[PDB]
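*Asks:*
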Amino acid sequence: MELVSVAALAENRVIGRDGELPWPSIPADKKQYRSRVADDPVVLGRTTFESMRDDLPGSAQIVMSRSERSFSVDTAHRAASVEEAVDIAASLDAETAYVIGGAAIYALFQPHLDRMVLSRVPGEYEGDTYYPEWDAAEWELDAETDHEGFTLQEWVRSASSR
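In the entry's author numbering, the protein residues as written are 1 to 162.
(1) State the Cα-Cα distance for the pair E11 and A60, rounded to the nearest angstrom.
(2) Got a sec, what are the start and stop residues for the beta strand (DSSP E) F150 sits in?
(3) As an exercise, report each continuous beta strand (DSSP E) stretch of at least 3 residues that is fully enclosed by the stretch 17–71, in chain order.
(4) Report back the beta-carbon spacing between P41 and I62 to the nearest angstrom; my notes put them in contact at under 8 Å.
(5) Taking C-alpha atoms, which residue in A94, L141, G58, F49 lies nearest to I105?
(6) Determine, using beta-carbon pairs with one atom in the stretch 62–78 and one in the stretch 129–144, whether at least three such pairs fall under 8 Å.
(7) Can you give the Cα-Cα distance for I100 and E2, rounded to whole angstroms?
(8) Kindly indicate the opening and closing residues of the beta strand (DSSP E) around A97.
(9) Per DSSP, residue 170 forms a beta bridge with which residues?
(10) Tell me the DSSP secondary structure of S5 in three-state form.
(11) Return the bridge partner residues of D146 from the DSSP annotation.
(12) Could you pull out every residue in the same chain whose Cβ sits closer than 6 Å to the Cβ of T145, ignoring the five residues on either side in sequence?
(13) Residues in the same chain with beta-carbon distance under 7 Å from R157, minus the five sequence neighbours each way, listed in chain order, please.
(14) Grab me the residues of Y130's own chain with a C-beta within less than 7 Å of its C-beta, minus the 5 sequence neighbours each way, in chain order.
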């Protein structure tokens, strides 16, 4: 039941462009983005849901919505705040629930993601939304993995002042 933030950069400060990822020829980003997100609960927003209606990314579709709707699927659940998505991650038992994007979902949740797993994509790639107020000296680094077109960084937080 721990909580981890899952983004993809295109140079230009972007963590999901309100709610689409339309960039093919790179399936190596979507090998680490879909080996964290395999068969367990996925925290995301109400834009990227209107793409995620054909296949679900893993085994519970957690969906942030400022007009609170009942969605008819197999095991889907909507969310209002930080508490409305934490108590369903406690009741589903699972290794770690995971925050996709886009940007106003990322803003309210970073005060409660105690790990971070972004895949930095190097080259000539586009962007629309931006990073909000994230921690530039007080996010500490656990592991980096270099590849032909993606850098995964696994992060653990400062841990101090507790």
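Yeah, the Cβ is synthetic: ideal placement off N, Cα and C, and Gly gets one too.
*Replies:* Put simply:
(1) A60 has its alpha-carbon roughly 31 Å from the corresponding atom of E11.
(2) 150–155
(3) 41–45, 60–64
(4) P41 to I62, Cβ: 6 Å. Contact.
(5) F49
(6) no
(7) So the alpha carbons of these two residues sit roughly 15 Å apart.
(8) 96–99
(9) The displayed coordinates of the chain run from 1 to 162. Any statement about residue 170 would go beyond what the structure contains.
(10) strand
(11) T151
(12) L152
(13) Excluding sequence neighbours, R157 sits near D114, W139, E140.
(14) For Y130, where only same-chain residues beyond five positions count, the Cβ hits under 7 Å are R13, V14, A103.
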